[PDB]
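Protein chains in written order, with the authors' numbering: chain e, 2 to 129; chain F, 23 to 247; chain C, 313 to 363; chain b, 99 to 117; chain Q, 2 to 63; chain r, 2 to 125; chain E, 41 to 77, 92 to 100, 105 to 224, 242 to 291. Reviewing the structure listed below.
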Amino acid sequence: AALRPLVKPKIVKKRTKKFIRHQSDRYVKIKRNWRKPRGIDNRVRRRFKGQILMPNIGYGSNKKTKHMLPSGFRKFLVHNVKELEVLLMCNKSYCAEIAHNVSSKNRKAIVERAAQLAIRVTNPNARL
Amino acid sequence: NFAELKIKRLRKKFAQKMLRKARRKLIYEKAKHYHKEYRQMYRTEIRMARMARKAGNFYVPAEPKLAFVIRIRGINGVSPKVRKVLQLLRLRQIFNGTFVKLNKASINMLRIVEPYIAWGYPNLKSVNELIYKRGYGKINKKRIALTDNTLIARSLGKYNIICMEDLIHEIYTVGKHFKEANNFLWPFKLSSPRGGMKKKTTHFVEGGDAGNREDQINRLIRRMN
Amino acid sequence: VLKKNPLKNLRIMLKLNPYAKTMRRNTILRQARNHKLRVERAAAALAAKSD
Amino acid sequence: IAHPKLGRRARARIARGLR
Amino acid sequence: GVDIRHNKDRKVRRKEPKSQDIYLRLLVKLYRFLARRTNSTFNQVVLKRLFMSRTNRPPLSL
Amino acid sequence: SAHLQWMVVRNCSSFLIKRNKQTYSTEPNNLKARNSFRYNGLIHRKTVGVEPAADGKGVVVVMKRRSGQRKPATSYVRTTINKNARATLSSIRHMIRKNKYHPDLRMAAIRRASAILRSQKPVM
Amino acid sequence: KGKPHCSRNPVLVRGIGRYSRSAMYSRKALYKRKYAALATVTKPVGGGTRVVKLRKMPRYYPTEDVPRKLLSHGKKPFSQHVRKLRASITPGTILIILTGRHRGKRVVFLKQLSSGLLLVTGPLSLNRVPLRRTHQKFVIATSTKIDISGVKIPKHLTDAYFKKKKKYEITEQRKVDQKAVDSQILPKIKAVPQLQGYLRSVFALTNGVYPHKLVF
RNA sequence: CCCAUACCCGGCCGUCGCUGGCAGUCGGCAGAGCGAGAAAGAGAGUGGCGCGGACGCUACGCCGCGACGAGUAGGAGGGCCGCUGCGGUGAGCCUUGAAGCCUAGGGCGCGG
RNA sequence: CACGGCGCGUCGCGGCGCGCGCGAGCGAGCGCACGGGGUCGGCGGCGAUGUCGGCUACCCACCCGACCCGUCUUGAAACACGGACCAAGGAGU
RNA sequence: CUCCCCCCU
RNA sequence: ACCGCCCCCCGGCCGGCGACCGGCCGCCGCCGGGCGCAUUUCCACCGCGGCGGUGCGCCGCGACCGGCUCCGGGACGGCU
Ligand SMILES: [Mg+2]
Ligand SMILES: [Mg+2]
Ligand SMILES: [Mg+2]
Ligand SMILES: [Mg+2]
Ligand SMILES: [Mg+2]
Ligand SMILES: [Mg+2]
Ligand SMILES: [Mg+2]
Ligand SMILES: [Mg+2]
Ligand SMILES: [Mg+2]
Ligand SMILES: [Mg+2]
Ligand SMILES: [Mg+2]
Ligand SMILES: [Mg+2]
Ligand SMILES: [Mg+2]
Ligand SMILES: [Mg+2]
Ligand SMILES: [Mg+2]
Ligand SMILES: [Mg+2]
């Protein structure tokens with residue numbers, strides 16, 4: 002029975018696959034990170050049929066559900082206890098995440114404070 | 023205090039309500055009169071043709087004053103003159119339509135762009151359906167759908183057009199302010215012709231769709247809207 | 313504002329043009345009366361033929 | 099009657115007459 | 002497909018001062034409100050001229 | 002004044018934290034903990050704050066006084082309320098409203114107080 | 041005051057009246073119908107009296123709340139939806155259940171219920187189905203009918219009666252109601268030759284027969 | 001009868017235009033409007049109980065309507081995209097484990 | 001029949017049109033809906049060591065599509081040139 | 001917010 | 001010596017003290033302590049109780065309303 006957001010709308014994504022850089026499968030030196038091809042003969046650049054799609058602004062998600070976690074909350078990164086009280090009034094829509102550098106000794110305190118303050122934490126048992 | 027102010031509020035409210043009721047009655051009676059006028063006009067041609075046949079002569083009806091034009095060719099590869107005439111007629115998109123009043127200038131302008139348009143003489147039912155279903159008004163340089171009479175009344179109040187019935191009557195009879203009414207009317211965006219076309223490239227006379235079709239434009243409209 | 317079709321929405325059509333109501337009422341009554349007249353005339357004609 | 103200015107008194111007349 | 006040209010689609014006039022100081026921006030706030038909630042066009046002209054650059058606001062001599 | 006220092010501090014505050022397409026404000030007397038002209042607790046002459054009590058239970062309400070604007074030591078008055086939730090909220094509401102003291106923060110103060118109170122109640 | 045009279049015009053078509061505005065002004069006789077111009095309770099306490111305020115303020119406001127919704131008119135709860143029935147379905151008709159546990163069993167239909175479900179039963183003495191509800195969409199209505207206009211079914215049975223509770244035990248009330256209905260239904264179907272065996276049988280599709288071709 | 005990224009209807013992203021709207025959060029010290037076919041005052045005046053009412057507004061913000069969106073050479077804008085160092089600031093993080101590296105784990109962003 | 005009061009009625013052509021007063025332009029309630037964008041005040045099942053959910057990402061199968069990039073060029077998949085692969089460095093200061 | 005009449009439970 | 005400007009003292013006005021107040025009085029609010037003593041006030045639990053908001057663990061179904069579409073069946077009328 003985790004804490005639930007104020008409203009849980011139906012998140013719809015126009016696309017879920019990652020945008021793969023052209024010819025990144027043929028070579029290891031070509032990273033998967035997207036780069037717009039600029040060759041004069043490039044099929045991907047010229048938008049030929051059955052080729053790798055290019056990211057447009059048209060794929061942008063709607064503003065109402067943008068950046069929402071599947072649980073319905075929005076992420077916010079915290080490093081210590083004091084930053085947790087910032088989310089006191091952004092309670093029913095914004096969840097907290099402990100930064101990976103935080104030691105377990107402080108992590109337990111942060112998670113217990115969040116338990117008091119009724120702020121959801123997406124990684125509450127990250128060190129046990 | 024405001025013992026008088028409170029009653030004045032509802033006095034103003036009642037005055038506005040009575041004004042609205044009077045306006046509704048006015049437009050209702052005007053619609054009835056327009057229906058009578060349409061019936062009179064429809065029967066007059068029949069009567070004149072009958073009397074001419076009885077006398078043994080012929081009765082040539084008046085040349086139509088109103089035409090409907092639909093663009094039936096794309097944007098790619100258009101001669102500059104044809105492009106300019108299409109821009110002037112406000113057909114910047116395929117399966118766009120508009121009303122044109124007829125004279126020597128309109129005849130020659132349409133003749134220039136015959137291969138790109140299908141035009142004819144619209145029927146009263148065609149005008150009614152086009153205005154009611156696809157009719158949007160050009161208010162403040164914005165395409166606004168006509169969902170209330172006040173939108174028409176503001177843009178054409180000075181010309182004594184105050185509702186859909188005035189707009190339709192003025193368009194169909196080519197009134198004194200037909201230019202203003204038609205310009206206020208945004209170009210119609212018609213769907214593709216259900217059932218298909220015969221042949222887009224060639225003229226209607228030779229079995230195609232381009233050019234002038236006298237009254238078959240109504241058959242075309244029935245499937246394009 | 314969502315645009316509804318006046319040709320299919322009776323009260324939208326009435327909002328735009330109140331006289332449409334009287335037109336539709338008159339045509340419905342006229343059609344019903346004409347159909348009744350034709351039916352009774354056909355019945356009388358059949359009776360006369362049987363006679 | 100429908101004119102907002104000149105029809106005010108006629109509108110008043112019919113409104114009172116309805117009573 | 003629509004037969005139009007997008008060359009002059011975007012107008013170039015200034016929407017706000019390019020300057021970053023705060024006093025001029027406060028003046029701009031005040032005159033924005035005045036222009037949009039008053040029918041007088043003097044406020045509109047003054048706000049437009051507040052937006053302008055230095056070379057478009059030449060000094061006026063006594 | 003107030004708008005002047007707001008323009009100064011809207012983007013160059015030590016209390017400003019901006020990350021994850023968000024922005025938050027940190028200074029003490031700021032209900033909703035967000036960067037805004039209304040809720041910034043250091044700019045305005047009349048400011049309201051709600052904090053948890055130093056003791057494990059209760060709520061401290063802080064009101065900025067009108068005279069010592071340039072005297073930080075004697076500029077805030079603090080009152081501790083330790084009662085039931087309904088009467089605590091009623092007292093805060095009366096203090097905000099019947100004093101005509103920055104009325105736009107009434108609901109924010111009530112919401113923040115309610116929260117602090119819940120936090121103070123033992124967990125399940 | 042005043043007894044509520046019925047509407048003066050029959051509905052010609054939905055939303056259009058038979059008589060016009062002037063005909064209504066006449067029929068209503070409006071020419072002679074002209075017209076012209092809590093939160094506290096005092097209680098004694100053993105002190106004195108206290109003005110207790112009912113509807114007291116809440117002791118907790120949530121961190122944030124959703125706004126109201128815009129108003130809409132055409133939406134009504136399921137309780138007062140208008141109920142539709144297929145023309146081919148009349149009391150005393152044989153139906154073929156298509157989706158229940160009783161797949162393809164010929165069943166006699168009795169009454170349309172209040173929520174739109176069909177109250178159906180083929181006497182469980184022969185085809186083994188009790189008084190039951192069935193959606194009108196999930197049944198095939200064949201064109202064979204018996205005459206049940208002269209039978210009485212209890213008025214106490216309804217959707218509240220057939221509503222599921224909470242192992243399911245059949246009640247003596249269920250048994251007696253089923254007996255009461257079938258004691259009248261069975262002789263009617265026994266009059267028609269070869270009908271009991273027809274109801275006992277189960278509908279099925281064999282190769283070479285197609286629903287769009289075969290009539291029922 | 002079949003179907004294109006064309007046309008019609010709908011949703012969503014963005015751009016442009018309206019140089020559009022909002023400082024009116026005016027509350028027991030109050031009275032909750034400026035959508036309504038008609039340039040302009042819910043004009044001011046003088047004589048015949050229960051203490052109560054959601055969100056807002058980083059104005060470089062928020063909100064509403066329309067139209068539109070191909071692109072090499074090239075031009076411009078925005079990047080809470082990225083790398084290294086410096087002045088500030090986070091009563092920041094860290095041997096109860098930083099940097100770096102690996103991952104069939106959970107996610108965000110159109111993308112970096 | 002989107003007709004409905006009384007008057008003074010010429011505000012008038014012969015009555016209709018069409019003006020001036022009538023506490024002076026304030027009657028109220030309920031109810032239904034083809035009425036400024038969907039609701040149900042409607043329901044049914046399956047859930048502890050074998051089952052529920054996991055767009056994407058791991059592997060595999062199938063149908064459709066699909067020629068290797070960069071470059072000069074009117075024209076590149078080219079029987080045009082550079083390129084075995086990987087790491088680091090590398091060019092409008 | 002006037003008054004009657006008719007029919008079915 | 002004269003003129004201009006500025007600082008200080010005194011006298012008289014105007015304005016502000018919301019980038020800058022003290023005392024007195026009045027009104028209101030809050031807090032601490034008594035008065036108050038339980039038909040008031042508060043805390044916790046139960047009901048498969050109701051209203052309102054948000055949602056269903058997963059898989060499904062139905063109903064009516066509206067928008068846009070494709071199609072079918074009837075009936076009426078006009079030039080003819
Ligand atoms: Mg090329
Ligand atoms: Mg071509
Ligand atoms: Mg077809
Ligand atoms: Mg050609
Ligand atoms: Mg386009
Ligand atoms: Mg340009
Ligand atoms: Mg569209
Ligand atoms: Mg582009
Ligand atoms: Mg790997
Ligand atoms: Mg193939
Ligand atoms: Mg080369
Ligand atoms: Mg070239
Ligand atoms: Mg060679
Ligand atoms: Mg070479
Ligand atoms: Mg080589
Ligand atoms: Mg490198």
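We treat Cβ as the ideally placed atom computed from N, Cα and C, and that holds for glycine.
*Give me the Cα-Cα distance between F/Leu173 and E/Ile56, rounded to the nearest whole angstrom.*
Position 151 of the second sequence, counting from 1, holds the residue named residue 173 of chain F. Position 16 of the seventh sequence, counting from 1, holds the residue named residue 56 of chain E. C-alpha separation (whole angstroms): 27 Å.
*Measure the Cβ-Cβ separation of C/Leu319 and F/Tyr154 and say whether it is below 8 Å.*
The count along the third sequence starts at 1 and reaches residue 319 of chain C at position 7. The count along the second sequence starts at 1 and reaches residue 154 of chain F at position 132. Cβ atoms of C/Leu319 and F/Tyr154: closer than 8 Å.
_Alpha carbons only, please: which of e/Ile53, e/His80 and e/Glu98 is nearest the one belonging to e/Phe74?_
Translated into the one-based positions of the first sequence, residue 74 of chain e becomes position 73. Closest by alpha carbon: e/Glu98.
*Consider the Cβ of r/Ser120: report whether some Cβ of chain E lies at a distance smaller than 8 Å.*
Against the sixth sequence, residue 120 of chain r aligns to sequence position 119. Not one chain E Cβ lies under 8 Å of r/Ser120.
*Along chain r, in chain order, which residues have C-beta atoms closer than 8 Å to that of e/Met69?*
Within the first sequence, numbered from 1, the residue matching residue 69 of chain e stands at position 68. What e/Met69 touches in chain r: nothing, since even the nearest Cβ is about 12 Å away.
_Span separating the alpha-carbon of F/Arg176 from that of r/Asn36_ = Translated into the one-based positions of the second sequence, residue 176 of chain F becomes position 154. Translated into the one-based positions of the sixth sequence, residue 36 of chain r becomes position 35. Computed Cα separation, rounded: 45 Å.
_Nearest-angstrom Cα separation, counted from Q/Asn57 out to Q/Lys19_ = Taking the fifth sequence and counting its residues from 1, one reaches residue 19 of chain Q at position 18. Taking the fifth sequence and counting its residues from 1, one reaches residue 57 of chain Q at position 56. Their Cα atoms are separated by approximately 13 Å.
_Using the Cβ count rule (16 or more neighbours within 10 Å means buried), how would you classify F/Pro209?_
Locating residue 209 of chain F in the second sequence gives position 187, where the first residue counts as 1. Buried, because 16 or more other Cβ atoms sit within 10 Å of the Cβ of F/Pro209.
*asked:* Using a Cβ-Cβ distance cut-off of 8 Å, determine whether Q/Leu28 contacts chain r.
replied: Counting from one through the fifth sequence, the residue named residue 28 of chain Q turns up at place 27. Judged by the 8 Å Cβ criterion, Q/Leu28 is not in contact with chain r.
*What residues in the segment 317-343 of chain C bring their beta carbon closer than 8 Å to a beta carbon of chain E?*
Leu322, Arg323, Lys333, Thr334, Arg336, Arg337, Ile340 and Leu341
*State yes or no: is the C-beta of E/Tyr285 within less than 8 Å of the C-beta of E/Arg164?*
Residue numbering aside, residue 285 of chain E sits at position 210 when the seventh sequence is read from its first letter. Residue numbering aside, residue 164 of chain E sits at position 106 when the seventh sequence is read from its first letter. Contact: no.
*Just checking my contact of r/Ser120 with e/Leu118 at CB under 8 Å: how many whole Å lie between their CB atoms?*
Counting from one through the sixth sequence, the residue named residue 120 of chain r turns up at place 119. Counting from one through the first sequence, the residue named residue 118 of chain e turns up at place 117. Rounded, the Cβ-Cβ distance is 5 Å, consistent with contact.
*Does the beta-carbon distance from F/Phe117 to F/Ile92 come in below 8 Å?*
Residue 117 of chain F sits at position 95 when you count from the first residue of the second sequence. Residue 92 of chain F sits at position 70 when you count from the first residue of the second sequence. Contact: yes.
_Quick test of your reading: Q/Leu61 and r/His4, contact by CB under 8 Å. State the CB separation rounded to the nearest angstrom._
As a working note, residue 61 of chain Q is residue 60 in the fifth sequence. As a working note, residue 4 of chain r is residue 3 in the sixth sequence. Actually they are not in contact, since the Cβ atoms of Q/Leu61 and r/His4 sit about 29 Å apart, beyond 8 Å.
*Using a threshold of 8 Å, state whether the C-beta atoms of F/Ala203 and F/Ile183 are closer than that.*
Along the second sequence, one-based indexing puts residue 203 of chain F at 181. Along the second sequence, one-based indexing puts residue 183 of chain F at 161. Yes, the pair counts as a contact, with Cβ atoms nearer than the cut-off.
_Classification of r/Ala55 by the beta-carbon crowding that lies within 10 angstroms, buried from 16 upward_ = Walking along the sixth sequence from the start, residue 55 of chain r turns up at place 54. Label assigned to r/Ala55: exposed.
_Near-chain e residues of the segment 16-48 of chain r - C-beta to any C-beta below 8 Å_ = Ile18, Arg20, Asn21, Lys22, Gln23, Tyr25, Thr27, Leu32, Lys33, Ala34 and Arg35
*Taking only beta-carbon positions, decide if C/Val313 is within less than 8 Å of chain F.*
Residue mapping note: residue 313 of chain C aligns to position 1 of the third sequence, counting from 1. Yes - at least one Cβ of chain F is within 8 Å of the one on C/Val313.
*Contact belief for e/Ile21 with e/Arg33 at Cβ below 8 Å, rounded distance in angstroms*: Taking the first sequence and counting its residues from 1, one reaches residue 21 of chain e at position 20. Taking the first sequence and counting its residues from 1, one reaches residue 33 of chain e at position 32. About 6 Å separates the two Cβ atoms, so the contact holds.
*Environment of ligand 1 in chain order, Cβ to heavy atom below 7 Å*: e/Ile41 and e/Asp42
_Between the segment 48-62 of chain F and the segment 25-34 of chain F, can you find at least three pairs of beta-carbon atoms closer than 8 Å?_
no
_Per-residue burial, F/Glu236 [other beta carbons within 10 Å of its own, 16 or more giving buried]_ = The sequence position of residue 236 of chain F within the second sequence is 214, counting from 1. Classification of F/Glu236: exposed, given that the 10 Å Cβ count is below 16.
_Min CB distance E/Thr94 to chain r below 8 Å_ = Sequence index remark: in the seventh sequence, residue 94 of chain E carries index 40 (1-based). For E/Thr94, the answer is no, since every Cβ of chain r falls outside 8 Å of its Cβ.
*How long is the line joining the alpha carbons of e/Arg39 and Q/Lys12, rounded to whole angstroms?*
Along the first sequence, one-based indexing puts residue 39 of chain e at 38. Along the fifth sequence, one-based indexing puts residue 12 of chain Q at 11. When rounded, the distance between both Cα atoms is 30 Å.
*In or out: F/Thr223 buried (at least 16 other Cβ within 10 Å) or exposed?*
Taking the second sequence and counting its residues from 1, one reaches residue 223 of chain F at position 201. Exposed: under 16 other Cβ atoms inside 10 Å.
*With which residues is F/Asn118 paired in a DSSP beta bridge?*
Stepping through the second sequence from its first residue, residue 118 of chain F is reached at position 96. According to DSSP, which records beta bridges pairwise, F/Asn118 is partnered with F/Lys211.
*Residue range of the alpha helix (DSSP H) that residue 101 of chain E falls in?*
No coordinates exist for residue 101 of chain E; the numbering of chain E passes from 100 to 105 with nothing in between.
_Within 8 Å of any Cβ in chain C, is that where the Cβ of E/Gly132 sits?_
Residue mapping note: residue 132 of chain E aligns to position 74 of the seventh sequence, counting from 1. False, the Cβ-Cβ gap to chain C never drops below 8 Å.
_Unbroken beta strand (DSSP E) run spanning r/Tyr77, endpoints_ = Here residue 77 of chain r corresponds to residue number 76 of the sixth sequence, with the count starting at 1. r/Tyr77 -> beta strand (DSSP E) spans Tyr77 to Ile82.
_Delimiting residues of the beta strand (DSSP E) encompassing E/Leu177_ = One-based indexing of the seventh sequence puts residue 177 of chain E at position 119. First-last of the beta strand (DSSP E) with E/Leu177: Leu176 to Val178.
*Nearest chain E C-beta to e/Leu7 closer than 8 Å, yes or no?*
Counting from one through the first sequence, the residue named residue 7 of chain e turns up at place 6. Yes, e/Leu7 counts as interfacial toward chain E.
*In chain Q, which residues lie with their C-beta within 7 Å of the C-beta of residue 179 of chain r?*
Because chain r is modelled from 2 through 125, residue 179 of chain r falls outside the range shown and cannot be assessed.
*What residue from r/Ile44, r/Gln23, r/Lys72 and r/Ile82 has the CA that sits closest to r/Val62's CA?*
For the purposes of this step, residue 62 of chain r is taken as residue 61 along the sixth sequence, with counting starting at 1. For r/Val62, the nearest C-alpha among the options comes from r/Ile82.
*What residues are listed by DSSP as bridge partners for r/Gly50?*
For the purposes of this step, residue 50 of chain r is taken as the residue at position 49 of the sixth sequence. Note: r/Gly50 sits in a beta bridge opposite r/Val63.
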